[PDB]
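Take a look at this single chain, the form deposited in one PDB entry, given in structure tokens.
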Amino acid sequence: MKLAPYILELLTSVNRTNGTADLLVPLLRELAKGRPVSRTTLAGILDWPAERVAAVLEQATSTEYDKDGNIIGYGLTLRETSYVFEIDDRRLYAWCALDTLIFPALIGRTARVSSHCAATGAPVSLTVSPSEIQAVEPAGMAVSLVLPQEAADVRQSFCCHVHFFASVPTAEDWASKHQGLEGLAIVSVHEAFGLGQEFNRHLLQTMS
């Protein structure tokens, strides 16, 4: 399918205020270590003052913190979701299914991703590396996408409706009982991975 509208809304969702895109990759890399991330650690990596880190995170109202005030979630999260994202010996999570396909290239690590089919509950798993996917179980795994025309922030709609499914037919049957739901589309996990690659290409071009 034509993916430009999906890429565009994802990119528009991240380039909110200066620095969000600039802080995103180092933050994802730190969260991938599986422990809460301090503002000061981020500040050191970016060579920013910590108050500037706080100012950019202040814009990202959906950022998750723990009881210590340290960062535990931004796309990749330490709090349990339906999308398990394992790096090394550390079990992390993601906010939506497409996130799990995007983050490996950004963090530069291979992840073992698992979930359950949103329509049937069947376990699904795959290995996602920066450049390819493998061990796609079951092989016909699908992903749902939405295109809220128009939300500035696609986070809420994707959290709600961007899942893994055991197959394209199962996903399309699920999608059929979402009559009227805006820009709802089903793709294979291969097509979704391609979307993420193209998103990542654009995102990374916008960094210095």
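Each residue number is its position in the shown sequence, starting from 1. In this text, the rigid core denotes the largest set of C-alpha atoms whose superposition between the two forms falls within 1.5 Å.
Omitted here: the form deposited in another entry. The next part is about that form.
Looking at CA displacements between this form and the one not shown with the core superposed, a shift of 2 Å or more is confined, among 175, 151, 32, 146, to 151. Residue displacement note: residue 20 has its CA displaced by at least 2 Å between this form and the one not shown (rigid core superposed). With the core held fixed, the Cα of residue 51 is displaced between this form and the one not shown by 2 Å or more.
Relative to what is shown, residue 184 and residue 151 are farther apart in the other entry; their C-alpha atoms differ in spacing by at least 3 Å. Wider separation of the C-alpha atoms of residue 144 and residue 151, by 3 angstroms or more, is seen in the other entry than in the present form.
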